[PDB]
Amino acid sequence: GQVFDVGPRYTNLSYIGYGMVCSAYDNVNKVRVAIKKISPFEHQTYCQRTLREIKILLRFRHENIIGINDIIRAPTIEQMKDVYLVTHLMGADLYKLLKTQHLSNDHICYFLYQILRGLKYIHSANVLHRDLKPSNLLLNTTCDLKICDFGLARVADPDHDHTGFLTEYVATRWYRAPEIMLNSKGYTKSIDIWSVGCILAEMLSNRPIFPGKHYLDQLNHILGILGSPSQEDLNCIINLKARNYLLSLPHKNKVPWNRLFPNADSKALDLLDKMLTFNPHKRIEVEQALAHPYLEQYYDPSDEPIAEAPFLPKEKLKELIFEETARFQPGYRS
Ligand SMILES: CS(=O)c1ccc(-c2nc(-c3ccc(F)cc3)c(-c3ccncc3)[nH]2)cc1
């Protein structure tokens with residue numbers, strides 16, 4: 001569509017979707033790759049997201065997470081307008097797949113395992129993805145799953161998690177935990193487990209489980225299935241406005257998982273219940289999730305790696321992005 005000069009090395013560009021994603025042919029490694037164009041330097045926020053993702057993806061090394069094979073940009077800061085990230089092609093994603101394909105229990109089980117195996121590495125690095133959803137889970141022709149889109153990712157900060165009632169949030173609404181609309185900034189690992197739970201539910205019926213039309217409607221959806229929170233769960237919500245809103249709602253009963261998904265594996269529904277738990281403190285953790293009987297055919301903690309090393313003006317951020325992408329320049333490559 002517009003300028004996408006990825007150099008002589010990458011040819012045969014086919015469009016896909018702070019820029020554009022395209023497929024290309026790697027004339028060196030002889031494989032078909034995916035390249036993403038990012039033009040973020042005009043804004044501080046866009047630069048912060050870009051630097052953040054580049055830093056995270058370059059440090060991370062995992063089969064279930066998109067790795068950066070190459071980065072294309074100009075030789076100087078002055079000439080650098082766009083940055084191109086390159087990785088192995090994954091022809092599809094869960095969103096596209098769930099629109100037309102019904103998943104067998106075996107596929108749901110394999111997909112969930114890969115999501116959690118990847119999430120285990122992300123969390124061991126003290127990082128939170130914060131925006132897990134079907135469009136972020138890429139798949140190739142052999143069913144390998146990789147997590148991408150670390151733009152809203154942050155370092156975990158449980159001690160600074162609390163905020164007020166109705167505090168605006170950045171991530172995709174349908175996959176937001178209930179505590180986000182109540183008293184959480186999303187700085188805890190339990191935020192990702194909820195999203196994964198929503199994804200599982202979506203894989204079981206090919207439909208989003210909590211499709212809120214706006215901020216508060218999202219909570220209405222969650223409480224519609226989980227029912228009214230227990231007194232114990234309400235006691236953990238010290239924020240008055242949040243607790244009082246919950247208390248003002250008429251009693252809602254829990255909708256049984258086996259009633260919502262009558263053709264699902266019982267063990268899958270047991271794990272779904274543990275991931276979609278209202279109370280973030282009682283919510284299952286990624287390693288407990290992996291150890292659940294539903295994934296026993298795949299569980300092998302010794303083959304579920306953890307991270308070796310855990311984790312400003314637009315001008316200085318542009319400078320940092322330049323310095324962060326310097327290792328891929330033709331200089332040392334030659
Ligand atoms: C939630 S969303 O709209 C969203 C935006 C971009 C992407 C998305 N970004 C990439 C992509 C490409 C190169 C990179 F190095 C990094 C990411 C891909 C990609 C990677 C591998 N094979 C095919 C496509 N898809 C995925 C989800």
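Numbering starts at 1 and runs along the chain as displayed.
So this one's X-ray crystallography, 2.0 Å, going by the header.
For all residues, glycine too, the Cβ spot is worked out from N, Cα and C.
Marked as DNA-binding region by Swiss-Prot: 241-259.
The local packing around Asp131 (active site, proton acceptor), expressed as other Cβ atoms within 10 Å of its Cβ over all shown chains, amounts to 21. The active site, proton acceptor feature in Swiss-Prot is assigned to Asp131; the stated evidence is sequence analysis.
Taking Cβ-Cβ distances under 8 Å and a sequence separation of 6 or more, the neighbours of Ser14 (phosphoserine) in its chain are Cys22, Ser23, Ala24. Annotation comment: Swiss-Prot describes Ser14 (among others) as phosphoserine, evidence class experimental evidence.
Under DSSP, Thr167 (phosphothreonine) is assigned to coil, being neither helix nor strand in the three-state scheme. The phosphothreonine annotation in Swiss-Prot covers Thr167 (among others).
Look at Swiss-Prot and you will find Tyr169 tagged as phosphotyrosine, backed by experimental evidence. The local packing around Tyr169 (phosphotyrosine), expressed as other Cβ atoms within 10 Å of its Cβ over all shown chains, amounts to 19.
Summarising the annotation, Swiss-Prot assigns phosphothreonine to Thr172 (among others). In the three-state DSSP scheme, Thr172 (phosphothreonine) is classed as coil.
Summarising the annotation, Swiss-Prot assigns phosphoserine to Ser228 (among others). Sequence-distant neighbours of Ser228 (phosphoserine) (same chain, 6+ apart, CB under 8 A from its CB) are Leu246, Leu249, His251, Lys252, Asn253. Under DSSP, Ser228 (phosphoserine) is assigned to coil, being neither helix nor strand in the three-state scheme.
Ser230 (phosphoserine) counts 11 other C-beta atoms within 10 Å of its own C-beta, drawing on all protein chains shown. Feature annotation from Swiss-Prot assigns phosphoserine to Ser230 (among others); the stated evidence is experimental evidence.
With a cut-off of 8 Å between CB atoms and residues at least 6 apart in sequence, the same chain places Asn258 near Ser266 (phosphoserine), listed in sequence order. Summarising the annotation, Swiss-Prot assigns phosphoserine to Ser266 (among others).
Long-range contacts of the motif 'Cytoplasmic retention motif' (300-304) within the same chain, counting only residues at least 6 positions beyond its ends with a Cβ under 8 Å from a Cβ of the stretch, are 117, 120, 287, 290-291. The motif 'Cytoplasmic retention motif' annotation in Swiss-Prot covers 300-304.
Residues near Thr167 (phosphothreonine) in space but far in sequence (CB under 8 A, at least 6 apart, same chain), listed by position: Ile180, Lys185. Once the 3 residues left out of the deposited model between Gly17 and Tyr18 are set aside, the two flanking Cα atoms are found 11 Å apart.
A 10 Å cutoff on Cβ-Cβ distances gives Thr172 (phosphothreonine) a total of 17 other Cβ atoms nearby, all chains included. Taking the Cα atom of each, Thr172 (phosphothreonine) and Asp131 (active site, proton acceptor) are about 6 angstrom apart.
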